[PDB]
$ cat target.csv   # CSV, C-alpha atoms
chain,number,residue,atom,x,y,z
V,1,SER,CA,206.0,44.9,258.9
V,2,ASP,CA,205.7,47.8,256.4
V,3,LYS,CA,209.5,48.2,256.1
V,4,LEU,CA,210.3,44.4,256.2
V,5,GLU,CA,208.0,44.4,253.1
V,6,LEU,CA,210.5,46.7,251.3
V,7,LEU,CA,213.2,44.0,252.0
V,8,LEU,CA,211.9,40.4,251.7
V,9,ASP,CA,211.3,42.0,248.4
V,10,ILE,CA,214.4,43.6,246.9
V,11,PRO,CA,216.2,42.4,243.8
V,12,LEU,CA,219.2,40.6,245.1
V,13,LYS,CA,222.2,40.1,242.9
V,14,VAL,CA,222.9,36.5,241.9
V,15,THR,CA,226.1,35.7,240.1
V,16,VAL,CA,227.0,32.4,238.5
V,17,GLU,CA,230.6,32.0,237.8
V,18,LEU,CA,232.9,29.7,236.0
V,19,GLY,CA,236.3,30.0,237.7
V,20,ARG,CA,238.7,32.3,239.5
V,21,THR,CA,242.5,32.7,239.5
V,22,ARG,CA,245.2,35.1,240.8
V,23,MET,CA,247.4,37.2,238.6
V,24,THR,CA,250.3,39.5,239.0
V,25,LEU,CA,249.0,43.0,238.0
V,26,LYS,CA,251.8,43.1,235.4
V,27,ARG,CA,250.3,40.0,233.7
V,28,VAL,CA,246.9,41.6,233.8
V,29,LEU,CA,248.2,44.6,232.0
V,30,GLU,CA,250.0,42.6,229.3
V,31,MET,CA,246.9,40.7,228.2
V,32,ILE,CA,245.8,41.4,224.7
V,33,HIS,CA,242.9,40.4,222.4
V,34,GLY,CA,243.4,36.6,222.2
V,35,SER,CA,245.4,35.8,225.3
V,36,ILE,CA,244.2,32.5,226.8
V,37,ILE,CA,243.7,32.8,230.6
V,38,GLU,CA,243.3,29.6,232.5
V,39,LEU,CA,240.8,29.3,235.3
V,40,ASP,CA,241.2,26.8,238.1
V,41,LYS,CA,237.8,25.0,238.0
V,42,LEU,CA,237.9,21.5,236.5
V,43,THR,CA,235.7,20.6,233.5
V,44,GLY,CA,233.7,18.0,235.5
V,45,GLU,CA,232.7,20.0,238.7
V,46,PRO,CA,229.6,22.2,239.2
V,47,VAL,CA,229.7,26.0,238.9
V,48,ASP,CA,229.5,28.5,241.7
V,49,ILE,CA,226.4,30.5,242.5
V,50,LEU,CA,227.1,33.3,244.8
V,51,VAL,CA,224.7,36.0,246.0
V,52,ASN,CA,226.1,39.3,247.2
V,53,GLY,CA,229.7,38.0,246.8
V,54,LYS,CA,228.9,35.1,249.2
V,55,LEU,CA,228.7,31.6,247.8
V,56,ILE,CA,225.4,29.8,248.5
V,57,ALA,CA,225.0,27.0,245.9
V,58,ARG,CA,226.5,25.1,243.1
V,59,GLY,CA,224.9,23.8,240.0
V,60,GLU,CA,225.2,22.7,236.4
V,61,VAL,CA,224.7,25.0,233.5
V,62,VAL,CA,221.7,24.4,231.3
V,63,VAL,CA,220.1,26.4,228.5
V,64,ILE,CA,216.7,27.8,228.8
V,65,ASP,CA,216.3,28.2,225.0
V,66,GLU,CA,217.8,31.7,224.5
V,67,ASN,CA,219.8,32.0,227.8
V,68,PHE,CA,222.2,30.3,230.0
V,69,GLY,CA,220.5,28.8,233.1
V,70,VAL,CA,221.5,26.7,236.0
V,71,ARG,CA,220.1,23.7,237.8
V,72,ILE,CA,221.0,23.7,241.4
V,73,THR,CA,222.7,20.6,242.6
V,74,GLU,CA,223.8,21.5,246.1
V,75,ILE,CA,222.5,24.3,248.3
V,76,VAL,CA,223.2,25.4,251.8
V,77,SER,CA,220.0,25.4,254.1
V,78,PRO,CA,218.0,28.7,254.4
V,79,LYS,CA,219.9,29.7,257.5
V,80,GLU,CA,223.5,30.5,256.4
V,81,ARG,CA,221.7,31.8,253.4
V,82,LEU,CA,220.5,34.6,255.7
V,83,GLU,CA,223.7,34.4,257.8
V,84,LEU,CA,225.7,35.2,254.6
V,85,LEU,CA,224.0,38.6,254.5
$ encode --input "target.csv" --output "structure tokens"
Amino acid sequence: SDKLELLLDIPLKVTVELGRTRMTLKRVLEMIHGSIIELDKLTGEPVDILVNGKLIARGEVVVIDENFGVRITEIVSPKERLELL
């Protein structure tokens, strides 16, 4: 297709994230330079790789020289990949 081109083809937005947490809005307002917030992911376990807010993989952090990288260690198959968009 001439329009499916446009798509199988757009920059998607991949986010790799450390942890999450909830937080009373009060608490969020009190935070200063230097507060230590504690996430809920354990040191040992792999980090989340979500595309368009929807989680599709998990991996370990690497460093490609200058930048953080990620080596994928578990992925969902190319179906729910699509199904999660």
$ atom_distance --input "target.csv" --atom1 "atom CA of residue V:17" --atom2 "atom CA of residue V:49"
6.5 Å
$ closest_residue --input "target.csv" --among "V:76, V:12, V:37, V:84" --to "residue V:57" --atoms "all atoms listed in the file"
V:76
$ residues_near_point --input "target.csv" --point "(229.4, 30.5, 254.9)" --cutoff "8 Å" --atoms "all atoms listed in the file" --output "PyMOL selection string"
chain V and resi 54-56+80-81+83-84
$ closest_residue --input "target.csv" --among "V:41, V:58, V:3, V:71" --to "residue V:19" --atoms "only C-alpha atoms"
V:41
$ residues_near_point --input "target.csv" --point "(220.1, 24.0, 234.1)" --cutoff "12 Å" --atoms "only C-alpha atoms" --output "list in words"
residues 16, 46, 47, 58, 59, 60, 61, 62, 63, 64, 65, 67, 68, 69, 70, 71, 72 and 73 of chain V
$ residues_around --input "target.csv" --residues "stretch 23-26 of chain V" --least-positions-apart "4" --cutoff "12 Å" --atoms "all atoms listed in the file" --output "PyMOL selection string"
chain V and resi 30-31+37-39
$ closest_residue --input "target.csv" --among "V:28, V:82, V:50, V:75" --to "residue V:14" --atoms "only C-alpha atoms"
V:50
$ residues_around --input "target.csv" --residues "residue V:13" --least-positions-apart "2" --cutoff "10 Å" --atoms "only C-alpha atoms" --output "ChimeraX atom specification"
/V:10-11,15,50-53
